[PDB]
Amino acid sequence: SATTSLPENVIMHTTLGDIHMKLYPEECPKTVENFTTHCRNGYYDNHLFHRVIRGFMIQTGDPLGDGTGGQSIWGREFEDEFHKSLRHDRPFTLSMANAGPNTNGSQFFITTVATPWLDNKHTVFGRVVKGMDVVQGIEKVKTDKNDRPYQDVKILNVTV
């Protein structure tokens, strides 16, 4: 119970600019710890935005760059952290990608519109506060039939 405060702001540097995000550690302590420890350790450095769907979201955080990889800082998938106060109810929410209940690893996505059909299915754990235009820039790049950008867009590093 004596511990250290979780980070609640990060700056994600990407190929197309910087995305500043606020996080919700009080509501989502496991999800924020997983994310910020990965950030601090460079886990996300050079990861692709491997799945980009205009009018929906951009998804990243896979070391394999194709949706099949990544792990939590605990080496095991971990639980969802849903809250009624945290909804995909505005654009640029930060949420965990997954493969069904309690399968959280490292992959995450940022929406470009409200996505209420993801409520109580994906952990909402932050939102973009600066660089929304960079999210929109990534959102519009040309992609192949599997929604993968022709030209790589990468996380360069996420600070704090």
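We number the residues from 1 along the sequence you see.
On mean Cα temperature factor in this entry, is 17-25 or 143-151 the higher one?
Comparing 17-25 with 143-151, the higher mean C-alpha B-factor belongs to 143-151.
Out of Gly126, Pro101, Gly42, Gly61, which residue has the highest Cα temperature factor in the PDB record?
Out of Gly126, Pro101, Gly42, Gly61, the record gives the largest C-alpha B-factor to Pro101.
In terms of the chain's CA B-factor thirds, is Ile110 lowest, middle or highest?
CA B-factor rank for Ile110: lowest third.
Sorting by Cα B-factor within the chain, modelled residues only, which third would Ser5 end up in: lowest, middle or highest?
It falls in the middle third of the chain.
For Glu33, does the deposited CA B-factor place it in the lowest, middle or highest third of the chain?
Ranked within chain, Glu33 CA B lands in the lowest tercile.
Can you tell me which third, lowest, middle or highest, the CA B-factor of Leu48 falls into for its chain?
Its C-alpha B-factor, which the entry lists for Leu48, ranks in the middle third among residues of this chain.
When the deposited Cα B-factors of this chain's modelled residues are ordered and cut into thirds, is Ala97 in the lowest, the middle or the highest one?
Ranked within chain, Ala97 CA B lands in the middle tercile.
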